[PDB]
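Colleague: Got a structure for you, questions after.
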Amino acid sequence: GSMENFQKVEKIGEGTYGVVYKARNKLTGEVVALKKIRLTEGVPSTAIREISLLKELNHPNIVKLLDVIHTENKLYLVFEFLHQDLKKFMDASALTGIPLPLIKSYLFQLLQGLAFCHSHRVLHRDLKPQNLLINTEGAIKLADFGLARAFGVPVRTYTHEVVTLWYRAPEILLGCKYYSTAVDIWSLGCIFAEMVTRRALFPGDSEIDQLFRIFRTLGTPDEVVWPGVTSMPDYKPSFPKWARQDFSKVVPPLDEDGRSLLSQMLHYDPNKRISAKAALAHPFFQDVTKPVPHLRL
Amino acid sequence: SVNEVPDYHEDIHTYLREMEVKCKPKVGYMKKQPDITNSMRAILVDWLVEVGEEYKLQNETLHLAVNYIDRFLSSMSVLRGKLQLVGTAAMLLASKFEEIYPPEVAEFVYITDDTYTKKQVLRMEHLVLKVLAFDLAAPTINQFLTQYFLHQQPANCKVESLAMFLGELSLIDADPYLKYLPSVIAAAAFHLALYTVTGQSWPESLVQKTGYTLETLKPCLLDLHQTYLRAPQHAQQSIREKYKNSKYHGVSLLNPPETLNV
Ligand SMILES: OC[C@H]1O[C@@H](n2cnc3cc(Cl)c(Cl)cc32)[C@H](O)[C@@H]1O
């Protein structure tokens with residue numbers, strides 16, 4: 001691999017450090033995304049984790065890192081090209097909705113990708129629709145591993161400031177010393193609800209607002225539902241105590257199997273929350289297939 | 001608890017067992033290095049231990065750095081005057097990979113006593129990354145140790161700290177320890193700690209998990225036991241000092257067993 005073989009097509013995104021281009025390999029024809037990483041503290045730790053972790057993670061539902069081109073002044077990551085992110089797809093499906101067969105296909109694939117990460121001791125820690133990429137053949141893939149982390153068993157304390165707020169698990173919000181694979185499941189559950197409604201489940205504007213939004217939907221957790229909760233660093237006894245909603249009112253269009261799965265993905269207690277691996281076998285997926293997206297990308 | 005990832009720990013252990021074979025340094029590399037010796041390496045790692053202590057880095061970070069150093073030295077000849085530059089770059093990369101708050105590059109330049117420049121440290125970082133092909137997520141003795149700890153009944157803090165202490169000691173001496181895999185040194189260290197502290201042995205539950213028995217562990221166990229017995233005499237002492245600290249329950253003050261009865 002070398003930069004001279006690539007013809008740039010257009011810009012397709014940005015982050016840090018931080019521009020992403022769609023390009024094409026002049027010799028093979030292959031269309032790729034080039035994530036440019038501009039190089040006073042040397043190679044950024046986010047790039048180091050992203051590259052080293054993605055080189056181990058080869059799976060149909062994890063974005064494929066093809067190559068790393070590392071000049072002295074520049075670092076280019078070459079990924080397989082994927083046409084759209086799930087957020088843009090949901091916006092483009094407004095007023096119509098995403099067909100249930102596609103929602104089910106996407107969730108099933110996301111769970112496969114995530115189970116594979118967790119089996120390889122990787123926490124993603126930034127699952128949100130903007131970081132989930134779809135192609136024209138019906139695949140959806142985990143992307144943006146800059147915030148990911150290789151974990152140990154049992155986990156140690158890691159960075160506290162993780163996961164975009166709307167998708168952040170209650171154990172992170174309440175300052176637990178340890179968090180684990182369950183935080184990625186919480187995020188997928190929020191994403192599941194969002195695919196059905198096309199709006200964020202818990203759109204808070206601050207950590208406390210975010211907590212209270214969760215509490216008003218699922219009930220303020222107590223020692224019965226979540227042993228240890230009143231002992232956590234950022235739990236306050238002054239928290240309002242909201243009743244738990246009938247789950248059928250949380251995402252009304254969802255059938256019984258759907259509701260069952262969503263509820264197990266949004267369980268308060270991280271120890272009880274369903275795992276990706278176990279979720280693959282949920283009756284919700286009894287009829288799952290993999291259709292192409294219903295809209296042009 | 002989900003903190004011990006019950007649904008994945010078996011998959012994870014299996015995966016680390018595969019990766020440790022792929023991430024293993026070349027057992028015989030030192031003889032192929034014209035200008036450096038096991039003893040120079042020992043001095044380097046002992047220094048890294050001190051650096052880790054000064055900056056309150058995780059033990060895991062130290063284990064990763066040593067892995068990077070040994071893999072790098074498996075393919076690149078290095079002059080004695082550059083060995084510390086390799087080690088500093090490795091410790092910087094390990095910190096960026098593993099630490100919540102890695103030290104700044106400036107701080108790494110500082111602890112080398114202005115022997116190297118910031119530009120040298122950063123250029124070496126790049127070379128190490130290139131030589132390692134960015135493959136930094138390597139299994140360490142510590143990653144196996146923390147899983148083995150889950151098999152204690154009940155958990156014992158002295159056992160855990162002593163096992164980590166024994167594991168660290170092995171990082172210093174490429175001969176003989178380069179010949180054993182992390183999972184095996186960890187198993188030997190765990191058995192030796194358990195035996196020293198409680199009189200118990202490598203439990204059946206870990207035979208089930210690892211397929212290792214005291215017979216398969218014997219060679220490493222005999223070496224680790226010698227190392228433990230000679231530790232007060234060793235030219236390098238940073239690890240013993242480190243493990244006198246209450247943080248590690250002062251386990252380096254415990255007396256080794258005279259005999260193993262294996
Ligand atoms: O930092 C990378 C940014 O680029 C966006 N992006 C858009 N299309 C993409 C296609 C691919 Cl294959 C990738 Cl890896 C990122 C993409 C990602 O969604 C992110 O916002």
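All residue names refer to the structure tokens as shown: chains lettered A, B, ... in order, residues numbered from 1 in each chain, ligands numbered from 1 in order.
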Within 10 Å of ligand 1, counting only C-alpha atoms and all ligand atoms: which residues, as a PyMOL selection string?

Modeller: chain A and resi 11-22+31-37+62-65+77-88+128-135+141-146

Colleague: Could you please tell me, as a count of residues only, which residues of chain A have an atom within 7 Å of chain B when using only C-alpha atoms?

Modeller: 22

Colleague: With only C-alpha atoms as the counted atoms, please give the residues lying no more than 9 Å from residue 36 in chain B, apart from itself and same-chain residues fewer than 6 positions off, as an NGL selection string.

Modeller: :B and (30 or 77-80 or 83)

Colleague: Name the residues of range 46-182 of chain A that come out as helix (DSSP H, G or I) in a backbone DSSP run; write them as a ChimeraX atom specification.

Modeller: /A:46-54,86-92,100-119,129-131,165-167,170-173,182

Colleague: Can you spit out the residues from that selection as a tab-separated table (two decimals), in the first residue's frame, using N, CA and C atoms?

Modeller:
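The result, stored in again_9.tsv:
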```tsv
chain	number	residue	atom	x	y	z
A	46	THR	N	-5.45	7.88	20.76
A	46	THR	CA	-6.68	7.42	20.12
A	46	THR	C	-6.38	6.66	18.83
A	47	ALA	N	-5.40	7.13	18.06
A	47	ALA	CA	-5.04	6.45	16.81
A	47	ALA	C	-4.37	5.13	17.12
A	48	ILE	N	-3.51	5.13	18.13
A	48	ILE	CA	-2.81	3.92	18.55
A	48	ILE	C	-3.78	2.80	18.96
A	49	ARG	N	-4.77	3.14	19.77
A	49	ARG	CA	-5.79	2.16	20.15
A	49	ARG	C	-6.63	1.72	18.96
A	50	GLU	N	-7.05	2.67	18.13
A	50	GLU	CA	-7.91	2.36	17.00
A	50	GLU	C	-7.25	1.37	16.05
A	51	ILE	N	-6.01	1.66	15.67
A	51	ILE	CA	-5.30	0.82	14.73
A	51	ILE	C	-4.96	-0.54	15.33
A	52	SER	N	-4.37	-0.56	16.52
A	52	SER	CA	-3.98	-1.83	17.11
A	52	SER	C	-5.19	-2.71	17.39
A	53	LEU	N	-6.31	-2.12	17.77
A	53	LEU	CA	-7.48	-2.95	18.06
A	53	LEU	C	-8.16	-3.44	16.79
A	54	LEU	N	-8.22	-2.60	15.76
A	54	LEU	CA	-8.90	-2.98	14.53
A	54	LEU	C	-8.12	-4.03	13.73
A	86	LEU	N	-25.95	5.11	10.04
A	86	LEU	CA	-27.32	4.78	10.38
A	86	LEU	C	-28.15	6.05	10.71
A	87	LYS	N	-27.50	7.06	11.27
A	87	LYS	CA	-28.21	8.30	11.58
A	87	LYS	C	-28.79	8.93	10.30
A	88	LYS	N	-27.97	9.05	9.26
A	88	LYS	CA	-28.44	9.60	7.99
A	88	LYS	C	-29.54	8.75	7.38
A	89	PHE	N	-29.41	7.43	7.51
A	89	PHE	CA	-30.45	6.53	7.02
A	89	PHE	C	-31.78	6.71	7.76
A	90	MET	N	-31.71	6.90	9.07
A	90	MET	CA	-32.94	7.13	9.84
A	90	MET	C	-33.61	8.46	9.45
A	91	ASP	N	-32.80	9.50	9.24
A	91	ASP	CA	-33.32	10.80	8.81
A	91	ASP	C	-34.02	10.64	7.46
A	92	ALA	N	-33.39	9.92	6.54
A	92	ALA	CA	-33.94	9.69	5.21
A	92	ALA	C	-35.15	8.74	5.21
A	100	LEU	N	-39.66	-3.23	9.57
A	100	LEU	CA	-39.27	-4.07	10.70
A	100	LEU	C	-38.22	-5.13	10.33
A	101	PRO	N	-38.31	-5.72	9.12
A	101	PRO	CA	-37.32	-6.73	8.72
A	101	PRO	C	-35.91	-6.16	8.70
A	102	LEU	N	-35.78	-4.89	8.36
A	102	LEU	CA	-34.48	-4.24	8.32
A	102	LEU	C	-34.01	-3.88	9.73
A	103	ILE	N	-34.91	-3.38	10.56
A	103	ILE	CA	-34.54	-3.09	11.95
A	103	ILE	C	-34.00	-4.36	12.63
A	104	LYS	N	-34.68	-5.47	12.37
A	104	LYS	CA	-34.33	-6.74	12.99
A	104	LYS	C	-33.00	-7.27	12.44
A	105	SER	N	-32.80	-7.12	11.13
A	105	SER	CA	-31.55	-7.51	10.50
A	105	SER	C	-30.39	-6.68	11.06
A	106	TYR	N	-30.60	-5.37	11.18
A	106	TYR	CA	-29.53	-4.51	11.66
A	106	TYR	C	-29.18	-4.79	13.12
A	107	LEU	N	-30.19	-4.98	13.96
A	107	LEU	CA	-29.91	-5.24	15.37
A	107	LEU	C	-29.14	-6.57	15.53
A	108	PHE	N	-29.58	-7.57	14.77
A	108	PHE	CA	-28.97	-8.90	14.84
A	108	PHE	C	-27.47	-8.84	14.44
A	109	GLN	N	-27.18	-8.08	13.39
A	109	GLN	CA	-25.81	-7.86	12.93
A	109	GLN	C	-24.98	-7.07	13.92
A	110	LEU	N	-25.58	-6.03	14.50
A	110	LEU	CA	-24.87	-5.20	15.47
A	110	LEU	C	-24.47	-6.06	16.68
A	111	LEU	N	-25.40	-6.90	17.13
A	111	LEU	CA	-25.12	-7.83	18.23
A	111	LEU	C	-24.03	-8.83	17.87
A	112	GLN	N	-23.96	-9.27	16.61
A	112	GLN	CA	-22.87	-10.18	16.23
A	112	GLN	C	-21.54	-9.45	16.31
A	113	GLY	N	-21.50	-8.24	15.78
A	113	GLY	CA	-20.27	-7.46	15.79
A	113	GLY	C	-19.80	-7.19	17.21
A	114	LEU	N	-20.73	-6.80	18.06
A	114	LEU	CA	-20.42	-6.50	19.46
A	114	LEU	C	-19.99	-7.74	20.23
A	115	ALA	N	-20.71	-8.86	20.06
A	115	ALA	CA	-20.30	-10.09	20.73
A	115	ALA	C	-18.87	-10.45	20.35
A	116	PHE	N	-18.54	-10.24	19.09
A	116	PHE	CA	-17.19	-10.52	18.63
A	116	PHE	C	-16.18	-9.60	19.31
A	117	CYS	N	-16.48	-8.29	19.42
A	117	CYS	CA	-15.59	-7.40	20.18
A	117	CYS	C	-15.39	-7.89	21.60
A	118	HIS	N	-16.49	-8.14	22.30
A	118	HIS	CA	-16.37	-8.56	23.71
A	118	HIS	C	-15.62	-9.90	23.89
A	119	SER	N	-15.75	-10.81	22.92
A	119	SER	CA	-14.98	-12.06	22.94
A	119	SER	C	-13.49	-11.85	22.72
A	129	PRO	N	-25.72	5.97	16.43
A	129	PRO	CA	-26.03	5.71	15.02
A	129	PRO	C	-25.02	6.34	14.08
A	130	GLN	N	-24.42	7.47	14.48
A	130	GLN	CA	-23.38	8.11	13.68
A	130	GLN	C	-22.16	7.22	13.47
A	131	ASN	N	-21.96	6.24	14.36
A	131	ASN	CA	-20.78	5.38	14.28
A	131	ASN	C	-21.12	3.99	13.76
A	165	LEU	N	-23.42	11.13	25.52
A	165	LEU	CA	-24.33	11.22	26.65
A	165	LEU	C	-25.67	10.50	26.43
A	166	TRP	N	-26.27	10.68	25.26
A	166	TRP	CA	-27.61	10.12	25.04
A	166	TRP	C	-27.60	8.60	25.15
A	167	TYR	N	-26.44	8.00	24.90
A	167	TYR	CA	-26.32	6.53	24.83
A	167	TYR	C	-25.56	5.97	26.01
A	170	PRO	N	-26.40	3.89	32.83
A	170	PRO	CA	-26.60	4.50	34.14
A	170	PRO	C	-25.45	4.24	35.09
A	171	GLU	N	-24.73	3.13	34.97
A	171	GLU	CA	-23.61	2.90	35.89
A	171	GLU	C	-22.46	3.88	35.63
A	172	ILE	N	-22.36	4.39	34.41
A	172	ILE	CA	-21.35	5.40	34.11
A	172	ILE	C	-21.83	6.73	34.70
A	173	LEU	N	-23.09	7.05	34.46
A	173	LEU	CA	-23.68	8.28	34.99
A	173	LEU	C	-23.60	8.34	36.52
A	182	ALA	N	-21.47	-4.59	29.58
A	182	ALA	CA	-22.86	-4.09	29.68
A	182	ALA	C	-23.03	-2.65	29.21
```

Colleague: Of the candidates A:275, A:260, A:58, A:245, which shows the shortest atom-to-atom distance to residue 218 in chain A, using only C-alpha atoms?

Modeller: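 Between A:275, A:260, A:58, A:245, the residue approaching residue 218 in chain A most closely is A:245.
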
Colleague: Run DSSP on the backbone and give me the residues of range 52-228 of chain A it puts in strand (DSSP E or B), as a PDB file with N, CA and C atoms, in the first residue's frame.

Modeller:
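As written to disk, result_19.pdb reads:
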```pdb
ATOM      1  N   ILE A  62     -17.748  -5.521  11.586  1.00  0.00           N
ATOM      2  CA  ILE A  62     -16.821  -4.538  12.120  1.00  0.00           C
ATOM      3  C   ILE A  62     -16.122  -3.958  10.914  1.00  0.00           C
ATOM      4  N   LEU A  65     -10.221  -2.402   8.593  1.00  0.00           N
ATOM      5  CA  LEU A  65      -8.998  -1.628   8.375  1.00  0.00           C
ATOM      6  C   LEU A  65      -8.104  -2.360   7.373  1.00  0.00           C
ATOM      7  N   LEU A  66      -7.881  -1.745   6.212  1.00  0.00           N
ATOM      8  CA  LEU A  66      -7.194  -2.408   5.111  1.00  0.00           C
ATOM      9  C   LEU A  66      -5.699  -2.201   5.177  1.00  0.00           C
ATOM     10  N   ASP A  67      -5.281  -1.027   5.640  1.00  0.00           N
ATOM     11  CA  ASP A  67      -3.893  -0.644   5.548  1.00  0.00           C
ATOM     12  C   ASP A  67      -3.646   0.587   6.396  1.00  0.00           C
ATOM     13  N   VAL A  68      -2.395   0.770   6.784  1.00  0.00           N
ATOM     14  CA  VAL A  68      -1.950   1.966   7.478  1.00  0.00           C
ATOM     15  C   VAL A  68      -0.751   2.506   6.705  1.00  0.00           C
ATOM     16  N   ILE A  69      -0.854   3.750   6.255  1.00  0.00           N
ATOM     17  CA  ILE A  69       0.224   4.399   5.511  1.00  0.00           C
ATOM     18  C   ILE A  69       0.824   5.497   6.372  1.00  0.00           C
ATOM     19  N   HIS A  70       2.061   5.289   6.805  1.00  0.00           N
ATOM     20  CA  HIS A  70       2.635   6.092   7.883  1.00  0.00           C
ATOM     21  C   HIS A  70       3.881   6.881   7.508  1.00  0.00           C
ATOM     22  N   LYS A  74       2.529  12.368   8.129  1.00  0.00           N
ATOM     23  CA  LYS A  74       1.134  11.943   8.039  1.00  0.00           C
ATOM     24  C   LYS A  74       0.905  10.459   8.313  1.00  0.00           C
ATOM     25  N   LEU A  75      -0.261  10.170   8.873  1.00  0.00           N
ATOM     26  CA  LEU A  75      -0.721   8.813   9.076  1.00  0.00           C
ATOM     27  C   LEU A  75      -2.090   8.665   8.398  1.00  0.00           C
ATOM     28  N   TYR A  76      -2.166   7.777   7.409  1.00  0.00           N
ATOM     29  CA  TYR A  76      -3.422   7.476   6.722  1.00  0.00           C
ATOM     30  C   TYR A  76      -3.929   6.091   7.094  1.00  0.00           C
ATOM     31  N   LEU A  77      -5.166   6.023   7.580  1.00  0.00           N
ATOM     32  CA  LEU A  77      -5.829   4.737   7.765  1.00  0.00           C
ATOM     33  C   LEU A  77      -6.748   4.458   6.572  1.00  0.00           C
ATOM     34  N   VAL A  78      -6.549   3.308   5.932  1.00  0.00           N
ATOM     35  CA  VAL A  78      -7.364   2.878   4.806  1.00  0.00           C
ATOM     36  C   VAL A  78      -8.439   1.865   5.231  1.00  0.00           C
ATOM     37  N   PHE A  79      -9.701   2.278   5.173  1.00  0.00           N
ATOM     38  CA  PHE A  79     -10.814   1.406   5.540  1.00  0.00           C
ATOM     39  C   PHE A  79     -11.571   1.007   4.291  1.00  0.00           C
ATOM     40  N   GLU A  80     -12.281  -0.114   4.355  1.00  0.00           N
ATOM     41  CA  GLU A  80     -13.254  -0.454   3.330  1.00  0.00           C
ATOM     42  C   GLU A  80     -14.326   0.642   3.303  1.00  0.00           C
ATOM     43  N   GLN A  84     -23.087   4.930   3.999  1.00  0.00           N
ATOM     44  CA  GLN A  84     -23.860   5.829   4.840  1.00  0.00           C
ATOM     45  C   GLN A  84     -23.792   5.423   6.305  1.00  0.00           C
ATOM     46  N   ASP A  85     -24.041   6.362   7.214  1.00  0.00           N
ATOM     47  CA  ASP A  85     -24.197   5.997   8.622  1.00  0.00           C
ATOM     48  C   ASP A  85     -25.673   5.847   8.968  1.00  0.00           C
ATOM     49  N   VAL A 122     -12.497  -6.430  23.776  1.00  0.00           N
ATOM     50  CA  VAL A 122     -12.599  -5.014  23.384  1.00  0.00           C
ATOM     51  C   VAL A 122     -13.936  -4.367  23.772  1.00  0.00           C
ATOM     52  N   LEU A 123     -13.875  -3.236  24.470  1.00  0.00           N
ATOM     53  CA  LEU A 123     -15.061  -2.425  24.726  1.00  0.00           C
ATOM     54  C   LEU A 123     -15.090  -1.321  23.684  1.00  0.00           C
ATOM     55  N   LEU A 132     -22.319   3.835  13.195  1.00  0.00           N
ATOM     56  CA  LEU A 132     -22.708   2.560  12.615  1.00  0.00           C
ATOM     57  C   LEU A 132     -22.899   2.768  11.113  1.00  0.00           C
ATOM     58  N   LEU A 133     -22.179   1.998  10.305  1.00  0.00           N
ATOM     59  CA  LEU A 133     -22.113   2.267   8.869  1.00  0.00           C
ATOM     60  C   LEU A 133     -22.833   1.178   8.089  1.00  0.00           C
ATOM     61  N   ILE A 134     -23.580   1.566   7.061  1.00  0.00           N
ATOM     62  CA  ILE A 134     -24.329   0.598   6.271  1.00  0.00           C
ATOM     63  C   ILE A 134     -23.879   0.592   4.819  1.00  0.00           C
ATOM     64  N   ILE A 140     -24.528  -3.917   8.184  1.00  0.00           N
ATOM     65  CA  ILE A 140     -24.264  -2.765   9.041  1.00  0.00           C
ATOM     66  C   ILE A 140     -23.033  -3.131   9.871  1.00  0.00           C
ATOM     67  N   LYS A 141     -22.153  -2.160  10.140  1.00  0.00           N
ATOM     68  CA  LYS A 141     -20.880  -2.460  10.800  1.00  0.00           C
ATOM     69  C   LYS A 141     -20.521  -1.442  11.858  1.00  0.00           C
ATOM     70  N   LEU A 142     -19.944  -1.927  12.961  1.00  0.00           N
ATOM     71  CA  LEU A 142     -19.359  -1.065  13.980  1.00  0.00           C
ATOM     72  C   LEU A 142     -18.191  -0.306  13.388  1.00  0.00           C
ATOM     73  N   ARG A 149     -11.318   0.291  23.935  1.00  0.00           N
ATOM     74  CA  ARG A 149     -10.314  -0.106  24.932  1.00  0.00           C
ATOM     75  C   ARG A 149     -10.200  -1.612  25.040  1.00  0.00           C
ATOM     76  N   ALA A 150      -8.970  -2.110  25.109  1.00  0.00           N
ATOM     77  CA  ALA A 150      -8.745  -3.520  25.401  1.00  0.00           C
ATOM     78  C   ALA A 150      -8.890  -3.709  26.903  1.00  0.00           C
TER      79      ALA A 150
END
```

Colleague: Show me, as a ChimeraX atom specification, the residues that have an atom within 9 Å of range 177-192 of chain B when counting only C-alpha atoms, minus same-chain residues fewer than 6 positions from it.

Modeller: /B:16-17,20-21,24-28,70,139-145,148-149,159-160,162-167,170-171,200-203,206,210,212,214,216-218,220-225,256-257,260

Colleague: Take the selection from the previous step and output its residues with N, CA and C atoms, as a short mmCIF file (atom, residue, chain, number, x, y, z; two decimals), in the first residue's frame.

Modeller:
```cif
data_model
loop_
_atom_site.label_atom_id
_atom_site.label_comp_id
_atom_site.auth_asym_id
_atom_site.auth_seq_id
_atom_site.Cartn_x
_atom_site.Cartn_y
_atom_site.Cartn_z
N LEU B 16 -6.40 -15.04 24.17
CA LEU B 16 -5.08 -14.64 24.69
C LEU B 16 -4.03 -15.77 24.54
N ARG B 17 -4.47 -17.01 24.71
CA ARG B 17 -3.58 -18.18 24.53
C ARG B 17 -3.09 -18.28 23.08
N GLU B 20 -0.66 -15.01 22.58
CA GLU B 20 0.66 -15.02 23.24
C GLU B 20 1.71 -15.77 22.41
N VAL B 21 1.28 -16.82 21.71
CA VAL B 21 2.17 -17.52 20.79
C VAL B 21 2.61 -16.62 19.64
N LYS B 24 5.03 -13.65 20.91
CA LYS B 24 6.22 -14.09 21.64
C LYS B 24 7.52 -13.56 21.01
N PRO B 25 8.42 -13.00 21.84
CA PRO B 25 9.72 -12.62 21.31
C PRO B 25 10.54 -13.87 20.91
N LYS B 26 11.61 -13.69 20.15
CA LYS B 26 12.48 -14.80 19.80
C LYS B 26 13.34 -15.20 20.99
N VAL B 27 13.22 -16.46 21.41
CA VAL B 27 13.93 -16.93 22.60
C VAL B 27 15.44 -16.63 22.57
N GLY B 28 16.07 -16.73 21.40
CA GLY B 28 17.52 -16.61 21.34
C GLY B 28 18.09 -15.28 20.88
N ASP B 70 11.25 -6.51 23.89
CA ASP B 70 11.74 -7.83 23.49
C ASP B 70 11.40 -8.20 22.03
N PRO B 139 -0.85 -9.97 25.00
CA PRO B 139 -1.10 -10.60 26.30
C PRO B 139 0.14 -10.53 27.18
N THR B 140 -0.08 -10.36 28.48
CA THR B 140 0.99 -10.20 29.44
C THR B 140 0.74 -11.19 30.58
N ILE B 141 1.74 -11.38 31.42
CA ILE B 141 1.58 -12.24 32.58
C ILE B 141 0.41 -11.74 33.40
N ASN B 142 0.27 -10.43 33.49
CA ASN B 142 -0.78 -9.89 34.34
C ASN B 142 -2.18 -10.23 33.89
N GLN B 143 -2.43 -10.24 32.58
CA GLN B 143 -3.75 -10.58 32.08
C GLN B 143 -4.17 -12.01 32.39
N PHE B 144 -3.22 -12.94 32.41
CA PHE B 144 -3.54 -14.31 32.82
C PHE B 144 -3.69 -14.39 34.33
N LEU B 145 -2.78 -13.76 35.06
CA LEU B 145 -2.86 -13.72 36.53
C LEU B 145 -4.22 -13.30 37.09
N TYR B 148 -6.63 -16.07 36.72
CA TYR B 148 -6.36 -17.18 37.63
C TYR B 148 -6.83 -16.82 39.05
N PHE B 149 -6.68 -15.54 39.43
CA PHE B 149 -7.07 -15.08 40.77
C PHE B 149 -8.54 -15.41 41.06
N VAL B 159 -1.75 -13.50 48.49
CA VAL B 159 -1.55 -14.41 47.36
C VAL B 159 -1.47 -13.59 46.06
N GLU B 160 -2.41 -12.68 45.86
CA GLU B 160 -2.47 -11.92 44.62
C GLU B 160 -1.26 -11.02 44.43
N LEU B 162 1.72 -11.30 45.95
CA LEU B 162 2.93 -12.09 45.80
C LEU B 162 3.07 -12.67 44.38
N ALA B 163 1.95 -13.09 43.80
CA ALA B 163 1.96 -13.63 42.43
C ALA B 163 2.40 -12.56 41.44
N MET B 164 1.88 -11.34 41.59
CA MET B 164 2.28 -10.23 40.73
C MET B 164 3.76 -9.91 40.92
N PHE B 165 4.22 -9.97 42.16
CA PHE B 165 5.62 -9.74 42.48
C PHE B 165 6.49 -10.77 41.75
N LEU B 166 6.12 -12.04 41.84
CA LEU B 166 6.92 -13.08 41.20
C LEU B 166 6.90 -12.89 39.70
N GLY B 167 5.73 -12.59 39.16
CA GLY B 167 5.62 -12.30 37.73
C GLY B 167 6.53 -11.16 37.31
N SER B 170 10.29 -11.93 36.90
CA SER B 170 10.66 -12.69 35.69
C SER B 170 10.95 -11.77 34.51
N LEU B 171 10.41 -10.55 34.54
CA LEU B 171 10.61 -9.61 33.44
C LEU B 171 12.09 -9.21 33.33
N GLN B 200 -1.56 -24.11 49.88
CA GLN B 200 -2.39 -24.75 48.85
C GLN B 200 -1.64 -24.84 47.52
N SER B 201 -2.21 -25.58 46.56
CA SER B 201 -1.58 -25.79 45.25
C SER B 201 -2.46 -25.40 44.07
N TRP B 202 -1.83 -25.22 42.91
CA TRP B 202 -2.54 -25.08 41.63
C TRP B 202 -3.80 -25.94 41.65
N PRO B 203 -4.98 -25.29 41.65
CA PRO B 203 -6.25 -25.99 41.86
C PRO B 203 -6.76 -26.69 40.60
N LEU B 206 -8.23 -24.80 37.70
CA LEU B 206 -7.34 -24.16 36.72
C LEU B 206 -6.70 -25.17 35.77
N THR B 210 -6.97 -24.25 32.01
CA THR B 210 -5.73 -24.03 31.26
C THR B 210 -5.16 -25.27 30.60
N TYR B 212 -3.07 -26.88 32.03
CA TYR B 212 -1.75 -27.00 32.67
C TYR B 212 -1.83 -27.78 33.97
N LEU B 214 0.84 -29.24 37.42
CA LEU B 214 2.13 -29.02 38.08
C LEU B 214 3.27 -29.72 37.36
N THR B 216 3.42 -30.03 33.97
CA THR B 216 3.74 -29.20 32.82
C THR B 216 4.40 -27.88 33.26
N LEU B 217 4.04 -27.42 34.46
CA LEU B 217 4.58 -26.18 35.03
C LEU B 217 5.96 -26.33 35.71
N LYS B 218 6.32 -27.57 36.04
CA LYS B 218 7.55 -27.86 36.78
C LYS B 218 8.81 -27.10 36.33
N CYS B 220 9.26 -24.26 34.70
CA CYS B 220 9.17 -22.83 35.01
C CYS B 220 9.13 -22.60 36.53
N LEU B 221 8.38 -23.44 37.23
CA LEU B 221 8.30 -23.42 38.68
C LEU B 221 9.66 -23.57 39.37
N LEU B 222 10.48 -24.49 38.88
CA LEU B 222 11.82 -24.65 39.44
C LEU B 222 12.68 -23.41 39.22
N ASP B 223 12.60 -22.81 38.03
CA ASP B 223 13.30 -21.54 37.79
C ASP B 223 12.77 -20.39 38.63
N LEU B 224 11.45 -20.26 38.73
CA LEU B 224 10.84 -19.16 39.47
C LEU B 224 11.21 -19.24 40.95
N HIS B 225 11.32 -20.48 41.44
CA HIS B 225 11.62 -20.72 42.85
C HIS B 225 13.05 -20.29 43.14
N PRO B 256 10.46 -16.85 51.18
CA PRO B 256 10.17 -17.91 50.21
C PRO B 256 10.17 -19.26 50.93
N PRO B 257 9.49 -20.26 50.35
CA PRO B 257 9.56 -21.60 50.93
C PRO B 257 10.92 -22.20 50.60
N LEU B 260 9.72 -27.03 47.44
CA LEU B 260 8.41 -27.04 46.79
C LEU B 260 7.64 -28.35 46.91
#
```

Colleague: Would you compute the distance between CA of residue 197 in chain B and CA of residue 54 in chain B? Give it in Å to one decimal.

Modeller: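 If I compute the distance from CA of residue 197 in chain B to CA of residue 54 in chain B, I get 28.8 Å.
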
Colleague: Can you tell me, as a list in words, what residues are no more than 12 Å from residue 210 in chain A when counting only C-alpha atoms, ignoring any on the same chain fewer than 4 positions away?

Modeller: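 My list of contacting residues is residues 164, 165, 166, 167, 168, 169, 170, 172, 173, 174, 200, 201, 202, 203, 204, 205, 206, 214, 215, 216 and 217 of chain A.
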
Colleague: As a count of residues only, please: the residues near residue 81 in chain B (cut-off 10 Å, only C-alpha atoms, same-chain neighbours under 4 positions excluded).

Modeller: 4

Colleague: Can you tell me which residues surround range 236-240 of chain B at a distance of at most 9 Å, considering only C-alpha atoms, apart from same-chain residues fewer than 3 positions away, and format the answer as JSON, numbers by chain?

Modeller: {"B": [42, 43, 46, 47, 49, 50, 165, 168, 169, 172, 231, 232, 233, 243, 244, 251, 252, 253]}

Colleague: For a quick check of understanding, using only C-alpha atoms, which of A:163, A:297, A:261, A:254 has the smallest distance to residue 284 in chain A?

Modeller: A:261

Colleague: What is the distance, in Å and to one decimal place, between CA of residue 174 in chain B and CA of residue 152 in chain B?

Modeller: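 Separation of CA of residue 174 in chain B and CA of residue 152 in chain B: 29.5 Å.
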
Colleague: Between B:111, B:207, B:69, B:193, which is the closest to residue 127 in chain B once you count only C-alpha atoms?

Modeller: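 Closest candidate: B:69.
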